[PDB]
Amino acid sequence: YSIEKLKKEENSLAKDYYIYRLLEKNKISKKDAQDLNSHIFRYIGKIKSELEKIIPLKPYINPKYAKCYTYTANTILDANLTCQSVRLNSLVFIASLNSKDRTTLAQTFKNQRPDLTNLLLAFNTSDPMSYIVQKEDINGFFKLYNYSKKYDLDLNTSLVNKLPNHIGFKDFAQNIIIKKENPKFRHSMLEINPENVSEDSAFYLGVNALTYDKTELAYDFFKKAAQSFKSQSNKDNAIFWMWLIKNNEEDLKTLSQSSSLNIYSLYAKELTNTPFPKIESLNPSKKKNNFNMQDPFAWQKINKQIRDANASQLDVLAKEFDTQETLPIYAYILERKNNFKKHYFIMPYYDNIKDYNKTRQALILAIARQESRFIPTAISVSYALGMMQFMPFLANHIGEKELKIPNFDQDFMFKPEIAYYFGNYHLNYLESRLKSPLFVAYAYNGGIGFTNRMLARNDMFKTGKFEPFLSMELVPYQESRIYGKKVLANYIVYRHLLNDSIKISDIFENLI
């Protein structure tokens, strides 16, 4: 695809991907690059840094404030009052001022902008956090935290209970808890009233309380999370913790009857001798239609349709794609048509894996389900490719250096036989070193380096009262933490569907 051809295509991740391929091969001239950012669907990351090597972006300073950015720390007292307050939006700018000017500016702004006054006088002390905390200036607290994660201080009950009302709180709590940073902040957060938090924040505060062995406080947080979570899967995760802590058998019963299929509801069903959940059976009689399952642009276009279709238009699409060759699109449509209440666990292109042993089949299928929902031309925001979502670098290493496939191109990852074959090859590498499918999943998504570093810690996946469940909440990258839980559930299901059942209790035992 020439850049001219691509510019005819609708903006999409597939068009971004192929523009990116031209950039990395140095095929986009400075002239081609002029109008190019209007042709880019997601102007973030590698494509943006590659385009900017060709055409740096001067943008952007709001022309209303342009003159404000002609002052420096040395001339800010010459600026009019509007420019002074605009430049004081930056804590680095405040930090660069000399202390005499911070005092002057603090008086200037005490009436109309006491938030600025607080930060200015705070930076005249040796610990701006301590000054802002004594003022209980909540906006200033989060500005300081965003400026530097190194500040750490005990926070009293009044202060910590004000923090959750600020939009920054959820990410703040999540980061310091799963990174095990800012221990004085973490310990202080034990005194947040569960009434003042909800959803993810309540849940992480439960995890925090567990790490300090405050199990009653943890129960109260997890109960509040269970009551407020929007998604049933997260609600189940919180009810599982209520059960593990206080052992109320009504909680476990509720978990076992969940409509969400996840590791917690699966485990509760196992503990209560409840039958395995119902898995839909999709077997279209019609063998084909006209859709090219190997055209990445066609997928982007039909995906946008499906995602924007009303309840009625899904019906037309479901019928059109109810074929064997478009089985992955069919199940994709059904999963939205049925408002996510039915469990679809398809096994498309099964000939390519039927000769692997059942357990390997399930791991491959479990990864593919989470990575792509089996869409052959799937492309992630980071241009991971195909059913198994291989990054181009690893795809080329395997296909060119290891397997020496003639005329290999990274787009071969869009071919199911290649995706499954490379997936098996890489999963062999990972499983040989890590054994557990959960650890393999973490390493597949996050790399074996991060996984080895996690598993080397004294406080991860070792023996313990609430292990291995607690460790699974403390996996230090959110994407991998979530990914492992989902792939593990898929793995259990596929092993069941393949007549090679394993109890998830055995899986959890082998994590320790």
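Definition used throughout: the rigid core is the maximal C-alpha set that superposes within 1.5 Å between two forms. Note that residue numbering follows the sequence shown and begins at 1.
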Checklist outcome for this item: Between 55 to 63 and 449 to 457, the one drifting more in C-alpha RMS in 8 other deposited structures of this protein once the core is aligned is 55 to 63
Next on the checklist: Using the rigid core for superposition, please say which stretch has the greater CA deviation in 8 other deposited structures of this protein, 311 to 319 or 209 to 217.
Outcome noted: 311 to 319
Item to check | Mean Cα B-factor comparison, 197 to 205 or 298 to 306, giving the higher one as deposited | outcome: 298 to 306
Next on the checklist: Please compare 5 to 13 with 492 to 500 and say which has the higher mean C-alpha temperature factor in the record.
Outcome noted: 5 to 13
Checklist entry - Whose CA atom has the top B-factor in the entry, of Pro183, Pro328, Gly386, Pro406? => result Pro406
Item to check | Deposited CA B-factor, highest of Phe461, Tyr444, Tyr60, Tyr483 | outcome: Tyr60
Checklist outcome for this item: For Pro284, the third of its chain by CA B-factor is the highest
Checklist entry - Where does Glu479 sit by CA temperature factor within its chain: lowest, middle or highest third? => result middle
Checklist outcome for this item: For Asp236, the third of its chain by CA B-factor is the lowest
Item to check | Chain third (lowest, middle, highest) by recorded CA B-factor, residue given as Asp322 | outcome: highest
Next on the checklist: Please place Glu335 in the lowest, middle or highest third of its chain according to the CA B-factor in the PDB entry.
Outcome noted: highest
